[PDB]
Amino acid sequence: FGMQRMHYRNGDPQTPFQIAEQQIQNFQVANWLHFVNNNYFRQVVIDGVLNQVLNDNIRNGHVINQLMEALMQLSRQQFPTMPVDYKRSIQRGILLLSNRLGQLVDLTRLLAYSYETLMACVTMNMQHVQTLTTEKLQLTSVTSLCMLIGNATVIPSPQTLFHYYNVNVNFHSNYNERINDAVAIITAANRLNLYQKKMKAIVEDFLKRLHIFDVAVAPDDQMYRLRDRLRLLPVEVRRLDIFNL
Amino acid sequence: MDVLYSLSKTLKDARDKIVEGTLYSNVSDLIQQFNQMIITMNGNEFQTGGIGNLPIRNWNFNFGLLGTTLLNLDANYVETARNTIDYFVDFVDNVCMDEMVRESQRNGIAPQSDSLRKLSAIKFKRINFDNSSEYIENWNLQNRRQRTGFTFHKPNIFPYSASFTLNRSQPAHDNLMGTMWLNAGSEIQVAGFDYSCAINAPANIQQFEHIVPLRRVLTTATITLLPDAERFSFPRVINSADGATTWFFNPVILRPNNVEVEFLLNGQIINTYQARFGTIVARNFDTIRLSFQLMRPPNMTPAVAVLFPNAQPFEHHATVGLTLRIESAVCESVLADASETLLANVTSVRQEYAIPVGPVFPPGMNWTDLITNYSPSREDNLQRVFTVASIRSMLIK
Amino acid sequence: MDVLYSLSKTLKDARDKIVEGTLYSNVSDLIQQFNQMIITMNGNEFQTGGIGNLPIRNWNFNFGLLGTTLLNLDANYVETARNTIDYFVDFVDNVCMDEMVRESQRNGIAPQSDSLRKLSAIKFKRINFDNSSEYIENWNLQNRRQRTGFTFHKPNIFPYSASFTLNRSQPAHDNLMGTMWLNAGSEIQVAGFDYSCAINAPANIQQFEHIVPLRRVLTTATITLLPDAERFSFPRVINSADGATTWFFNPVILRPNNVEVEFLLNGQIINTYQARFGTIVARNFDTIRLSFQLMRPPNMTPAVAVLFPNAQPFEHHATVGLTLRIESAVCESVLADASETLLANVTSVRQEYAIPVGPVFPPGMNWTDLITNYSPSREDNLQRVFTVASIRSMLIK
Amino acid sequence: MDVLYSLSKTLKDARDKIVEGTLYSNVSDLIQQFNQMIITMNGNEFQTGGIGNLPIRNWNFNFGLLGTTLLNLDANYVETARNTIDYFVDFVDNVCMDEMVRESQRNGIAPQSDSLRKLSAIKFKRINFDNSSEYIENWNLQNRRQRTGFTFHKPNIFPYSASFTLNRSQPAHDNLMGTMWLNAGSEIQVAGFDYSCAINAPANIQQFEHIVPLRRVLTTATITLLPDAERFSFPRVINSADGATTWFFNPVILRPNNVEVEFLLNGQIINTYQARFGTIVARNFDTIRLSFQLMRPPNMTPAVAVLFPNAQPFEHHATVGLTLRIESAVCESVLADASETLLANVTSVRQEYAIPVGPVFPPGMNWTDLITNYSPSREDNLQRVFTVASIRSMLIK
Amino acid sequence: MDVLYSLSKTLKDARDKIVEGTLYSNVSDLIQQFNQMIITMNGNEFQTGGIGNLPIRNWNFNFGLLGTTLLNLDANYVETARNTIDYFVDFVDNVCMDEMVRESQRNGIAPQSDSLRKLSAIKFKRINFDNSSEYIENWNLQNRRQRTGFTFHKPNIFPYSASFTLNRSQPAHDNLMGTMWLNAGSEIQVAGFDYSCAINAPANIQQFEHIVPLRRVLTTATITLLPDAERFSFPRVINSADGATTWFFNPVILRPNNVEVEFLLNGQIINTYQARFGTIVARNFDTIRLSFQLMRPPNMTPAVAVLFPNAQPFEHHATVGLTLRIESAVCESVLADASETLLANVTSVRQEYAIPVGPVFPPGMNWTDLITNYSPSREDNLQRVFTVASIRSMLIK
Ligand SMILES: [Zn+2]
């Protein structure tokens, strides 16, 4: 569009696309940028479980049409002052993805459907946090997916869905039962006045029996936070009644 | 008719919903319907007019489908859509007018214009959309031979009738007993007068009755009843019944005695109200019977005693009355009311394009004559033209 | 304006469609539109009020969207949505009031409030939804410079005016001739009186005419015409033209003969009705001419003869009359009528918040003065405030 | 109409810029526009004329694009260009005349000639160019329903009216009080006269008022006010109001005192000027109220005293006059004025081709009648024909 | 000022050239100018108003450049351009009004409003475009010290002044000799009168002189000089010099004798015309000297001889006169005139927003007072406000 390159300042509350959306006067590109900027997960509670839901436009794959409108506009854009061969390469690369409109709509709605179907089998709340360590995603791999996705619909098999659901349910129930064991033991120790009792041992056993944690690595402040939060939970009824006996 | 309504509905929704900036999800279904309409109409040719001064216009349809690949509609999309919508609205308006300006004694409910005849074909049934409007709903019900109902605010149900009946009379018109009345639109104002003030009447009571039959059965009607005919309570000079002479009416208003309003259906009393004024309800009826009495007051102060002597020279004339107004009602057949503009639309189109008087409707669509002789063929033609008028008003403000 | 209407309609549809238990397929597109509204409005600061007693309020937006994969909406969904709906309803209420309380001698159609000026930006166009209401439809059509129309039941087209014109008179006011009239809202009651009862008039006929020029061109109007001015049928004591004294009017009502009503447009007779009472139609007119007569009865019974002498002392004064009511009509300019509450809403907001009288409207939105001097600038401002009033009424009871 | 204006603009630019010797950089964009016009107009068949004596003309376009291979245009290039420019100018001229000689009561603003109707199509939108002239700019603003403004030098806002009003009179016409005026074009000239010189008037002051209601609202008007009416300051013989006889007026001119000039809008005084002559400004008005007084001079030398006796035989008649001239103003609608030639052009075309009297404009484009009854339909048609005349005046000398 | 004019010119060219369908080659350079304007104005905040009733408004600029590539502009491009154009037009309107309603005794030329003071910064110089209009041309020329020039039609150079001088007088005013003139706008009307018709004057000649200075030097002025003063050729009753009494003037017009009109610059006769009427040219002058003579006709017919006696009683008073109108002229300083609306615009804005009387201009921008005491500071402020008014009128109707 002939605009001067953006001098983006890190830590800006707005993202580069959020700036470009209000700095660009072309309707196709600006509308695509607006959708991208305000495209986030929507939180919904379904059957008592928090879910991260997608925008219906991407669930049905319609936003790919706006993406291709923007890409076509860019492809027929003038690109002032850019060397001509590089400009042609860029705009033919744009057309490479633009001419895959139907395939990319199919890819988007396939991805959305498989995400929905596999998310129906999640039992714990899908809490969204920025993790310490991130999974690396290769834009080359994304390109390969976009340029090689075909015409065959692949969906989870019913046995695969039931297996995923059983694994999630087993992990969730084990988590709750180990919480109950830890809370019962901690409460019993405090009620019997075992002052020479290290609740760090109980928390270590809890994390160990969760089976996904390398307990030797958990930081110390987090171990003590876990102890503090376990000390505050009410005891389960059966365990408490046995303790009362 | 249903196809014409669907064209109007689709165009109206196109104008209302295909607006710059709106999400395509708001108009996805509307665009599907619009493209279906374009596909169905493309390649067909129509002719409208040729009657009176209505110009003969030829219509051809070759339009591209509206785009479907867009997240939010923009200026180009709306301009492209409006270019097609304007032509379609013009065509629908001409079809509606050409249908309204035509009538037939037999088969009056069938399409009369060549364009609507053509749209009656099966190839066009794909454009049907949703028949939600009241008039199209009743059109479909009448086509299926079901019960229909139109809701009217002040239905124009009473043929205009301003008259009087003299039960006691003489050439001099100085000792008269009788009734006056005006029935117009939804108001019946009736008065009963006695010049003697029932001096010689049995029990000093004069009975008055007034029967108003309606050409259609009204149901679920709310009526205001008041105890005075305000229109017949001032001095009047009235032409005699045969027009030979004129007589004088100097009323003095007394309260109506033993008021009774009966709403009857096929001669059976359905509702009866005695000495109740204000808002009343008639659930089902085709005739109204208002009965009241002039009772000479038994006790009178000197002024009233002076007013009412017991001898011939009656200078004041005792008068009682009732005023009845149908504020709202429901009727199976289409009537004219004080809130809808369908009668006005039909009459205006006919007058503007100077349509020669046909065989069904009266000259100038005179509603008085229409309701006075609301025969079944007139009912069919009137329902057709009113439905077309509503379809047109859907698009033309 | 379209954006404000879209905000209000989105909130109305949120209140209606989004209910516990409903299928998500019933409300998916509305949920998308609601989320689009939230996205567009988030991060914008608005200010409302600051004129008269209308409080200054600051509006900030940071809300969360709504889920889009449920099967049936539950109580949690509605509870989460209702908070945002309440805040946005309050915002739209205040924006509409701020726009209604403002005028402009020039650029009457343009937004006048700061909030609406901000909403007129292009980033907000993504909230446009659909413009279905009559007022928003006419707003869009007028902006595009297309034929428009508002439908009014009993349009408030005649500024209040009760007066009398004397064509024969003298200081004693004992032998008069002329007309009385009341024009009010949608009704014209005119009476023509002659004290001599056309004793010496040529052919014993006295002609009366009454011309009412409307301030706006009404079209497709249905009228009711009755042969009596009941408002001028009783004895009166009336101040003279200059207020110097009073005169006595003692009417005796005769029928008006040779009644003819002409509805004219720019001096050309569009409709003309001769001796036709009841429901009539006028398709296009800006002037109503009434022409009636008082014919002295050629034959009289003794009472009538006694009350109509040929010498000077005229105890009873012959009177004829016409009552003409416009039940419904169509106007390209916005008017007040008996069914809509837009004038009431604008007046109520201005009165409640003690808005200073501006350079356009009369104080207190006095309809008599406004319709008397209904200039183009006033038409623009009135249409703007009425459109805002209807937008607000979509949400506020 | 924007397309017709763009055709005229590009042809004018070609005539004024495609000159022998001019660099090609001075006509690069113009040649691109000209070739765009040729491409768009190639293969389209138009027809003009048929009304009155305007000949029927058929127009075909099969031209070749102008060359672009010359550094400086030479004689051959200019001749080749002129060959096609002449034909295009002739087509535009005939389209403009055919559009000027037509009118329509309904939708008078819409194109009336077949050629302009066809040019209104979408395919011709490519020939749009720049809309910089005042009339086309106002046309576009009015279509968008934005502000419109025309600046007039001596606007012809007052219909011709030369008359007099007598407030005191008798058959002998020897003791008259009243006011005589001439409103014409942009000048009001009024004079209040009294034959008795306020000998018996209260406080020896006689009041005179003159209200001139304009048919359109003027703004930012520069006006000149002068304290005498030269037109009513010489002896004359005037016909009576009824024309039965003639009466003698022998003015002696005094200074008007308590001069007040009110420029009112909707009956509200917008500007007021008391005892101030020369250049004044009226920012927004639609009525002019001129109030002045004849004050009997309290002190008079014998020569003055002899003029005004206290008895009947008044030989000299005291007169006081005002003269108001609108030098410049701004109006939203179109008016004839002293500098513009549009009214002359339209009238000239109609007279030359003997266009029969249509249903909108008065015969012979009589401006007095047009501005006397300047109805909205006449305003639309007049704006249309004036815009077309301006478009034609940039091609035809 | 130059930057403000550049903004206005850019916006006007954007509104006139950026239209749907136009070739992008027709607007390439204009679009580059538009983008330069947006880039320069982005990130700057402005405030206007705060004087009188002009509302305080704050302006921010965050608009993006126009960069879409196409051959012909479409609806999307026009809409995106129009949003920014609307906002900038509003900003320019308010800045122009804020500058127009302000004054300064010292440094009148310099910007007064804070918005214009900011725009006078160097960082805004990147929006200059072309300064073509007459007023901005003269502004730049004055800044460069080159000679300016404003061409006026009927310049308003004479302050209104109606007066008389009595060179010979008596308390009875029976026998008067003197002059009587009205200078207003562009017209001088002078008349010498002698009641004795120069019976005893030397050579039977009376000489009258009239010297009219000008507050500014006019150049290349075309003037019409006619031999009679219409205004002073009628019977008059005129209050005396001290206002104590009134005297009678009963003129009989004779041809002015030995007419000599001289246009002088610094007391040196620059132009002179003796006994020549019609159109004359004064190339450069600051005062006008009109000399004329009343010569007693050496030969008289009996009627004339009776008209002019040698005794005292003088019933008819010999009068000669001249009229001189400046049709067009050129001045180095700004002036009002009959063809421009700048004075009207400034006065209208000040009146509308109730701007308190400032230290420079007289109350209500009274042109008579302005041109009477046309001080250097007043000239500076007047030129500033007139230039701003021209810039504003480039965008506002
Ligand atoms: Zn002039």
Side-chain angles (χ1 to χ4, degrees), chain A residues 28 31-32 35-36 39-42 44 46-47 49 51-75 89-123 126 128 134-169, chain B residues 23-25 28-29 31-32 35-36 39 65-71, chain C residues 23-25 28-29 31-32 67-71:
Chain A
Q28 299 92 328
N31 189 17
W32 169 72
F35 174 87
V36 173
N39 151 43
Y40 293 95
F41 276 127
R42 292 111 165 91
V44 215
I46 298 163
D47 299 3
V49 183
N51 288 129
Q52 310 292 333
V53 160
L54 296 174
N55 180 305
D56 276 359
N57 284 309
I58 87 189
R59 302 208 307 130
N60 64 16
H62 193 66
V63 287
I64 313 309
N65 295 312
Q66 188 64 50
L67 170 58
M68 302 319 150
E69 277 284 12
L71 289 180
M72 282 157 46
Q73 182 61 53
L74 292 175
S75 75
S89 231
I90 285 168
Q91 61 188 17
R92 277 164 185 166
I94 289 160
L95 284 178
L96 269 173
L97 201 72
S98 298
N99 295 329
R100 308 262 297 169
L101 171 63
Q103 287 74 38
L104 286 182
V105 164
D106 293 356
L107 170 58
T108 307
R109 57 201 284 108
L110 177 87
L111 203 156
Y113 172 81
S114 56
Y115 170 70
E116 295 169 15
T117 313
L118 292 171
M119 173 177 64
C121 307
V122 170
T123 315
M126 298 176 63
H128 182 279
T134 66
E135 296 298 349
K136 211 63 153 165
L137 179 69
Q138 295 292 334
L139 276 287
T140 65
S141 68
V142 175
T143 295
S144 70
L145 177 66
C146 292
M147 296 303 302
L148 298 175
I149 185 60
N151 207 338
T153 314
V154 299
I155 59 179
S157 64
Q159 294 298 339
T160 291
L161 288 174
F162 292 166
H163 176 249
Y164 190 44
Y165 185 58
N166 288 338
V167 171
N168 279 336
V169 167
Chain B
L23 286 171
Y24 173 85
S25 59
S28 182
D29 305 350
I31 288 165
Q32 294 294 76
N35 287 339
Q36 186 67 31
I39 291 295
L65 306 190
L66 307 186
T68 294
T69 59
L70 217 66
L71 184 63
Chain C
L23 277 173
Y24 180 78
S25 58
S28 52
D29 50 9
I31 286 294
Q32 290 195 47
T68 78
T69 304
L70 218 51
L71 288 175

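Side chains are part of it too, since the values below use all heavy atoms of this structure and drop only hydrogens, waters and symmetry mates. Letters A, B, ... are given to chains in the order of the sequence lines, protein chains preceding strands, and every chain is numbered from 1.
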Rounding to 0.5 Å, atoms OG (B:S28) and CG (B:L70) come to a distance of 12.0 Å
Which residues satisfy the side chain to side chain donor-acceptor pair (under 3.5 Å) test with A:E69, sequence neighbours excluded? none
Distance (rounded to the nearest 0.5 Å) between A:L104 CG and A:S98 OG: 9.0 Å
So how far is it from B:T69 OG1 to A:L101 CG, rounded to the nearest 0.5 Å? 7.0 Å
To the nearest 0.5 Å, how far apart are CG in B:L65 and CD in B:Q36? 9.5 Å
Identify each donor-acceptor pair in which a side-chain atom of residues 155-164 of chain A lies under 3.5 Å from a protein atom, sequence neighbours left out, and give them as a table.
| residue | atom | partner | partner atom | Å |
| --- | --- | --- | --- | --- |
| A:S157 | OG | A:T160 | N | 3.1 |
| A:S157 | OG | A:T160 | OG1 | 2.7 |

Pairwise distance CG(A:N99) to CD1(A:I94) - rounded to 0.5 angstrom: 11.5 Å
Of all the heavy-atom pairs spanning A:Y115 and A:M126, show the shortest one and how long it is. OH-CE, 3.4 Å
Please report, to 0.1 Å, the donor-acceptor pairs under 3.5 Å made by any side chain of residues 139-152 of chain A, with sequence neighbours excluded.
| residue | atom | partner | partner atom | Å |
| --- | --- | --- | --- | --- |
| A:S141 | OG | A:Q138 | O | 2.3 |
| A:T143 | OG1 | A:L139 | O | 3.0 |
| A:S144 | OG | A:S141 | O | 2.6 |

Which atom of A:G61 lies closest to which atom of A:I64, heavy atoms considered: O-CG1, 3.4 Å
Is a side-chain donor or acceptor of A:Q66 paired with a backbone partner of A:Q28 at a separation under 3.5 angstrom? yes
Please examine the side chains of A:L54 and A:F41, heavy atoms only from C-beta on, and report whether any two atoms are closer than 4.5 Å. yes
Is there a side-chain contact (heavy atoms from CB on, under 4.5 Å) between B:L66 and B:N35 once you walk through the steps? CA-CA 7 Å; B:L66 307 186; B:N35 287 339; 3.9 Å; yes
Only counting residues at least two apart or in another chain, list the ones meeting side chain to side chain contact (heavy atoms under 4.5 Å, CB included) with A:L110. A:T153, A:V154
Pairwise salt bridge (charged side-chain N to carboxylate O under 4.0 Å, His left out) hits with a residue in residues 142-160 of chain A, at least two apart: none
Verify side-chain contact (heavy atoms from CB on, under 4.5 Å) between A:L71 and A:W32, making sure each step is shown before the conclusion. CA-CA 10 Å; A:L71 289 180; A:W32 169 72; over 6 Å; no
With salt bridge (charged side-chain N to carboxylate O under 4.0 Å, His left out) as the rule and sequence neighbours excluded, what pairs involving residues 94-109 of chain A come up? none
Enter the distance from A:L97:CG to A:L67:CG here, rounded to the nearest 0.5 Å. 6.5 Å
Checking A:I58 against A:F35 for the side-chain contact (heavy atoms from CB on, under 4.5 Å) test, could you report, in this order, the C-alpha distance in whole Å, the side-chain angles of both residues, the deciding distance, and whether it holds? CA-CA 10 Å; A:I58 87 189; A:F35 174 87; 3.3 Å; yes
Could you give all pairs that pass the side chain to side chain donor-acceptor pair (under 3.5 Å) test and reach residues 51-62 of chain A, with sequence neighbours left out? A:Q43-A:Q52, A:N55-A:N57, A:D56-A:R59, A:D56-C:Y24, A:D56-C:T68, A:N57-C:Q32, A:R59-A:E116, A:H62-A:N65
Can you see which heavy atom on A:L95 is nearest to which on A:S75, and at what distance? CD2-OG, 3.7 Å
